[PDB]
């Protein structure tokens, strides 16, 4: 079970890495490292949590639980998965969605609305529960499929704007006046629709692509999406309109839709983004641009490289894709900042090596 899945995506490349046995060993070693650093029982209520790094005092965000659950199931770590999920469940809010911010001592933060949920986190948690159902089965300690079905319904009810199907950034704010393209997970939504029978999720997927289509009016042909925008693709007040540490994830979530479902909107968008990054090449990727392509920060780190490698899967240039794979492996962030980028690195490595199949496919 799990890595190596040995599966073939139905569209695009199976993998952009060479020599699978060596890749598999690399992935397992990177997982052992991530687990050692990121998983703790301290402040976890009897369970386990994903901690952030020294730079934010080893707090937890719901996003990290989503990343950790996806990683744990892909690496066939059922006991760990279950303990991580017990921590999630100990943090479901009044809407059945995870508190987004908890300190290292297991107190929800009150200054920043820590009790509210972040939609990207719960969508990743829900997807991870579907993988667990499909990989392990739901007759044990945790009924993954029931938990998934509950979480998906809460996500729809609270994190989708009624009528328009615009994805909201949380359970209790935003929608048409402010959303986050990097949260847009069309492939996840198509899985939800198929898994649960709730076809409304397909309309959410379509609306995500429509918002990015509006962004194309403003991004100068680069494929870059803003961190935050309105449903019209225009700036969201008080929120970054640049391509920074939110927006970096868009190419990853979007490329998966191409690999899993053959979505031609995903390919068009990811090809544009990859082509933009081909201007400077793999070593030239930096950690902030305006959506018209102007560099606004100049650090080369794991928050930005692997997501570009993911976008490259949709086929703009497969030679460039191989270069991006190599760069993704090569650049690992130092440990003071070792939470975010190195988590995206491992998640994107799973995908670009052929180890993130659709959980509804034959595993």
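Residue numbers count along the first chain shown, from 1.
- Of the two segments, 193 to 201 and 164 to 172, the one listed with the higher mean B-factor is 193 to 201 (C-alpha atoms only).
- For the two regions 22 to 30 and 297 to 305, the entry's Cα B-factors average higher over 22 to 30.
- Per the PDB entry, 279 shows the highest C-alpha temperature factor of the residues 249, 265, 91, 279.
- Within the listed group 72, 141, 270, 229, the record reports its top CA B-factor for 141.
- Sort the chain's modelled residues by C-alpha temperature factor and residue 66 lands in the lowest third, per the entry.
- Sort the modelled residues of the chain by CA B factor and residue 353 lands in the middle third.
- When all modelled residues of the chain are sorted by CA temperature factor, residue 180 is found within the lowest third.
- Residue 111: CA B factor lies in the highest third for its chain, per the PDB record.
- Residue 216: CA B factor in the highest third of modelled residues in this chain (values from the PDB entry).
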